[PDB]
Amino acid sequence: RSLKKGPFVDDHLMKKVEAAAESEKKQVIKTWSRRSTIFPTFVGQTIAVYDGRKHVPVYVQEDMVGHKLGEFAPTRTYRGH
Amino acid sequence: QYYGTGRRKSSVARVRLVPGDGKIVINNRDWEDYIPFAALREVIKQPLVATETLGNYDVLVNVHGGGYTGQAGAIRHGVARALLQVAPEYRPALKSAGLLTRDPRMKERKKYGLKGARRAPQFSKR
Amino acid sequence: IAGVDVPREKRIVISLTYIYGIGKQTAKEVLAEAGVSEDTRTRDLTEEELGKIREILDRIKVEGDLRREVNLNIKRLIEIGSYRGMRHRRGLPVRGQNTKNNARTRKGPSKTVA
Amino acid sequence: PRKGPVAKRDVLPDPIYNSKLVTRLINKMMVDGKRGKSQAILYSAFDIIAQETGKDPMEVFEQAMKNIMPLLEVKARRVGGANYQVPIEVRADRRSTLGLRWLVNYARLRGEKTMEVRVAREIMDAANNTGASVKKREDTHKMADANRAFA
Amino acid sequence: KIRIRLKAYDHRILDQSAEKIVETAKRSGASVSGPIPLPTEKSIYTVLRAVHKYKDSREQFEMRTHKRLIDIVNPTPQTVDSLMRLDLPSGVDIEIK
Amino acid sequence: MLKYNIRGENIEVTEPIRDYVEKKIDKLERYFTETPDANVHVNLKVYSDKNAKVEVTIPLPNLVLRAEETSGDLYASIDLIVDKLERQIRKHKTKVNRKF
Amino acid sequence: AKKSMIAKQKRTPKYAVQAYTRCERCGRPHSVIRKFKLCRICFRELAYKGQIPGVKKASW
RNA sequence: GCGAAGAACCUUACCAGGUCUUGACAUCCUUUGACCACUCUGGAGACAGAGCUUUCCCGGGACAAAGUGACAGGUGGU
RNA sequence: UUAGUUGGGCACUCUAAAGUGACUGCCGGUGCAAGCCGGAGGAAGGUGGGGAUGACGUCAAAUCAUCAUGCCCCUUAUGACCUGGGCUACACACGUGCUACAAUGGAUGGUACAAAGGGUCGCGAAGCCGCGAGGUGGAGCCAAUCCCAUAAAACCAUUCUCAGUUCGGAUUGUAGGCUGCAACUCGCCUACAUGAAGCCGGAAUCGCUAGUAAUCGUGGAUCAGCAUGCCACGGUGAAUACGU
Ligand SMILES: [Mg+2]
Ligand SMILES: [Mg+2]
Ligand SMILES: [Mg+2]
Ligand SMILES: [Mg+2]
Ligand SMILES: [Mg+2]
Ligand SMILES: [Mg+2]
Ligand SMILES: [Mg+2]
Ligand SMILES: [Mg+2]
Ligand SMILES: [Mg+2]
Ligand SMILES: [Mg+2]
Ligand SMILES: [Mg+2]
Ligand SMILES: [Mg+2]
Ligand SMILES: [Mg+2]
Ligand SMILES: [Mg+2]
Ligand SMILES: [Mg+2]
Ligand SMILES: [Mg+2]
Ligand SMILES: [Mg+2]
Ligand SMILES: [Mg+2]
Ligand SMILES: [Mg+2]
Ligand SMILES: [Mg+2]
Ligand SMILES: [Mg+2]
Ligand SMILES: [Mg+2]
Ligand SMILES: [Mg+2]
Ligand SMILES: [Mg+2]
Ligand SMILES: [Mg+2]
Ligand SMILES: [Mg+2]
Ligand SMILES: [Mg+2]
Ligand SMILES: [Mg+2]
Ligand SMILES: [Mg+2]
Ligand SMILES: [Mg+2]
Ligand SMILES: [Mg+2]
Ligand SMILES: [Mg+2]
Ligand SMILES: [Mg+2]
Ligand SMILES: [Mg+2]
Ligand SMILES: [Mg+2]
Ligand SMILES: [Mg+2]
Ligand SMILES: [Mg+2]
Ligand SMILES: [Mg+2]
Ligand SMILES: [Mg+2]
Ligand SMILES: [Mg+2]
Ligand SMILES: [Mg+2]
Ligand SMILES: [Zn+2]
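Residues numbered from 1 in each chain as written, not as in the entry; some residues may be left out. Chains lettered and ligands numbered in written order. Part of a larger assembly, values for the part shown. Heavy atoms only, no water. Residues with missing side-chain atoms left out of burial classes, pairs and counts.

- Its PDB header attributes the entry to cryo-EM and lists the resolution as 3.2 Å.

And the structure:
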């Protein structure tokens, strides 16, 4: 939602990140929701994101907030011609 | 107060001739305002020029359709036909000058497979 | 003269747009707000007029630090490790357009044939 | 083309100046069907010509055209050799065609300011055998007279 | 005080019933205004001719609709029920006011 | 320089096939002082009875070379197609020289 | 996978934006007119037989 | 600028992971006969676990299920 | 009357049914006939202009993927479902197009003239808000009634002064709008800023015979949203054809 109605995050991922609020922090969150935007609540956690064939890990840092998860999980493999 | 009807392209003009001075009025507007450009004015006068009847009638016209040039031709045809309407004697001069024939030229249909009415797409031989 | 040199024979509305951060519309705003007419040659400007112009211009972003601000934006989005950052590294169209043909004002002139 | 000669399209004489060649000149400076632009840039030219010179504009136009229309012209064809540039007499109609074509193909390139002037001082130059179009006619005449045997 | 609109895909079938209405109306003493031919509406459908290839070859079909209009200004109940119980051939559309 | 567009229907284009086509068609450059830049086009098909068909098209500056040939083997079809192409070359050259 | 596709298309999808249209005689998904709910082939072959009212060949 | 008169998901026929087996789709036999819906929990979703009904309609029909079988099913090939 | 608005009239345009009208018909010459050239009358003269119409057959031309079918093949999978990706990759090469390279122009303000189409799970006006894309609102409309929709070139004024620029717009940074459960790979649009190549394009090559070429806009099918593509409509509107 790129309007002023509000941000967008899938509830089946928001539930996981806010239930991972404990100090344990040893629950790497696996997800397929590439389209979910990154909230400030995500800070600290570590999320594996599906990029088509595997779950690649991303570490949600401070300046990564606001973007979409799928940005950090490339889906094409390019090396050179 | 004698009628006449002129058509050209997609434009229709209803002309009517009254005896009088010669002031020219188009669609409740003056002939110098509605058609401003100087040389787009001699087209209407030619039917009144091929015979020396320049200041013998005032025209009242109601025109619609087409662009500024096309309705000039329509109103030309209309005023000529009205001139024949007033006097059944002026036919030889105008028919001689070819000022009665309606223009049978109309914009042409488009055609499928062609970029216009006759333009064909580019083709290569190298 | 006003942060950087400007042409002399051109009108000030056309001369102020030689600064990295001023264009056709914000120059009009500066000239209208200050009071000078947009049809006065800059060589005909009084000292008080240019004096008034200078701080109005310096309040809003200036040609100097805008370079570093936009460059640090690019550096932030390229150090994060995003798709746009990878494009900025490799030098390819950042906005989502095709690259089989017509990516030339980025990739440069048509390189040597393979 | 292949069946037989085809009738031309008569040009209705222009208003104001009441001539034939003036309308055919207006039709040549036309671009993209813009009649008004050509009309204005020709009437401005024939007015400033009177302002500068003091003569009737049409007289200057005629006495400048009479120097540009060529007579002989080289045609590459058979008869007298396989494309040996046989010089031939241009027909009566072809004269004004070439004259206007050369008058306009060079008034586009004089290059000082708006063409509304570039066409005027080319008519003045043609009025006394100078410029570029007159040079074109002289060059064509020289080349035609070079092949005085292939006729 | 009633207005009748008749529309159909064929003018030949249409106008027979269009007139049938005006005679069946004015025979029972009705002041009726004759049919007024409204503009027809024609639409074009261009479809590729081949099955797989050849976009340059097509075929075009059309569907055109004709319309009429009838007015009665001073009716009587006999005209009303005569028009209402009169039945038209299928192929026309009648919209009695 | 010659640019080859090679298409293979009901077959896969294999590197030795490409090299053979390249060299055989490149032997066509000897008929000109200046080597052209035209796009050579080649099509290869194989039927069910082991018969192979090869089609070749070359748009020269003022000449169009077309040649199709079917035979029991693909390589033989290539060789015969080269012979056909050089035949068109000689025909055109003799005609244009005669029309001097 | 053809006969399953028609069955899926007639079902109700998860969200409205996933709905789409196919021809009704044949199951062709591309180039289907919503006036007739027919493709461009079941329209040509079947307007010739005079089975679509009103529609005839155009010559204007 | 051809099938495509319009690929974010669907389209989609391709790939990765998770799943099903008379089946997503039809005739056909046994019986319950309305299954269906809908609410919540778990999961990325397909799907599982519960709760509410099932007034089927008028022995026939519409549909369903349960196992049940002959069978379907292929945008696979020329 | 805010004005075709209101009462009033179908006179004129207009819509669309039935007819007339063009047939070498007449005249002059020619030929012997078919016919040819010239003229008359006419809105139109020599199949008036344009469509639809595509013979026997050639290329084993194209489509088993629109549909149908012979034979073969897979049948706990070559059948079926779900989420995420891909068809949008990028050292390069070829084809079709759009926009420019400026003064017949750029920018600002004033103002006039169309044809053909679409609209009830639809078109959506006035009014207010916002620089702008747009938001709020709900008038009229199953439409010759209401809406999309006060066409743009053109015309009249002012300014710029031949520069890689007050030409050109790519590329990029920031902030927003709409549709959609969802806009990162992968949508369209807007505002500020940035400001690239490009100064009429080698060999070669394409289109067009009159309302045509050129140029400027408008509508529709597909469609929640997305066209410089496709199919239609009009406005201004030329040059040349000696000849095979
Ligand atoms: Mg055609
Ligand atoms: Mg053609
Ligand atoms: Mg600059
Ligand atoms: Mg700007
Ligand atoms: Mg794109
Ligand atoms: Mg390209
Ligand atoms: Mg095409
Ligand atoms: Mg068609
Ligand atoms: Mg094939
Ligand atoms: Mg050999
Ligand atoms: Mg099937
Ligand atoms: Mg679905
Ligand atoms: Mg859709
Ligand atoms: Mg579809
Ligand atoms: Mg899928
Ligand atoms: Mg349950
Ligand atoms: Mg239950
Ligand atoms: Mg079977
Ligand atoms: Mg009215
Ligand atoms: Mg005779
Ligand atoms: Mg005659
Ligand atoms: Mg004809
Ligand atoms: Mg026939
Ligand atoms: Mg072939
Ligand atoms: Mg099959
Ligand atoms: Mg298994
Ligand atoms: Mg594609
Ligand atoms: Mg600009
Ligand atoms: Mg303006
Ligand atoms: Mg209309
Ligand atoms: Mg609409
Ligand atoms: Mg629409
Ligand atoms: Mg309402
Ligand atoms: Mg619109
Ligand atoms: Mg100047
Ligand atoms: Mg984006
Ligand atoms: Mg340069
Ligand atoms: Mg320059
Ligand atoms: Mg022709
Ligand atoms: Mg002709
Ligand atoms: Mg749309
Ligand atoms: Zn179909």
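### A closer look at a positive patch on the surface
All names here are of chain D.
- Taken together, the side chains of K28, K75, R77, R91, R94 and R101 define a basic patch exposed on the protein surface.
- When you line up the elements, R77 lands in the loop between β1 (72–75) and β2 (86–89).
- On the basis of relative accessibility, which here comes to 52%, the residue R77 falls in the exposed class. (Patch = residues over 30% accessible without salt bridge, like charges linked within 9 Å, V, L, I, M, F, W, Y side chains within 5 Å. Areas by Shrake-Rupley, 256 points an atom, 1.4 Å probe, with all protein chains shown as cover. Salt bridge = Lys/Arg side-chain N within 4 Å of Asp/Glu carboxyl O. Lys, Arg positive; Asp, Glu negative; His and termini not counted. Charge placed at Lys NZ, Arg CZ, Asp CG, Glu CD. Helix = DSSP H or I, 4+ residues; strand = E, 2+ residues; numbered from the N terminus. Buried < 20%, exposed > 50% of the residue type's maximum accessible area, 1.4 Å probe, protein only.)

### Brief notes about the pairing of strand β4 (residues 64–71) of chain F
Residue and element names in this part refer to chain F.
- A one-sided burial pattern is seen for β4, the buried positions being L65, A67, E69 and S71 and the unburied ones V64, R66, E68 and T70.
- When strand β3 (residues 52–59) meets β4, the two strands line up antiparallel, connected through eight bridges. Across the sheet, the residue bridging to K53 is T70, located in β4.
- Taking the residues between adjacent antiparallel strands as the criterion, β3 and β4 are bridged by four residues. (Pairing = 2+ DSSP bridges.)

### A look at helix α1 (residues 21–29) of chain D
Residues and elements named next belong to chain D.
- Every buried residue belonging to α1 is among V22, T23, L25, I26 and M29, and all of these are buried. For α1, the angular spread of the buried residues around the axis is 155 degrees, confining them to a single face.
- Contact partners of the buried residues in α1: α2 (35–53), α3 (57–65), α4 (92–107) and α5 (115–118). (Arc of directions from axis to C-beta. Contact = heavy atoms within 4.5 Å.)

### A look at the protein's contact with RNA strand H
- Taken together, 28 residues are adjacent to RNA strand H, and A:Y50, E:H52, G:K3, G:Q18 and G:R28 come closest.
- Among the atoms of RNA strand H lying within 4 Å of the protein, the sugar-phosphate backbone contributes 65%.
- Residue A:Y50 places a side-chain N or O atom 2.8 Å away from a base nitrogen belonging to RNA strand H.
- In this structure, a phosphate oxygen belonging to RNA strand H sits 3.2 Å away from a side-chain N or O atom of E:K55.
- Listed by contribution, the elements that provide at least two residues to the surface near RNA strand H are α1 (11–19) of chain A together with α1 (3–10) of chain G. (Near = heavy atom within 4 Å. Polar contact = N/O pair within 3.5 Å; in protein donor to acceptor, adjacent residues only side chain to side chain.)

### A word on the sheet that holds strand β4 (residues 29–30) of chain B
Residues and elements named next belong to chain B.
- Taken together, the five strands give an open sheet; going across it, the order is β1-β2-β5-β3-β4, and neighbouring strands pair in mixed fashion. Across the chains shown, the open sheet's two edge strands, defined by having one partner strand only, are β1 (2–8) and β4.
- As paired strands, β1 and strand β2 (residues 11–19) are joined by seven bridges and run antiparallel to one another. Pairing of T5 across the sheet is with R14, part of β2.

### Brief notes about α2(D)
Residues and elements named next belong to chain D.
- With 19 residues, α2 ought to run about 27 Å at 1.5 Å a step, and its terminal C-alpha atoms sit 27 Å apart, in line with that.
- Here α2 has its buried residues at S38, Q39, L42, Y43, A45, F46 and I49. Taken down its axis, α2 places every buried residue within 150 degrees of arc, on the same side. α2 presents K37, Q51 and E52 as exposed residues on the side facing more than 90 degrees away from its buried surface.
- Residues of α2 that are buried sit in contact with α1, α3, α5 and α6 (120–126).
- At the exit of α2 stands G54, carrying a positive phi of roughly 100 degrees. (Expected span 1.5 Å × (residues − 1).)

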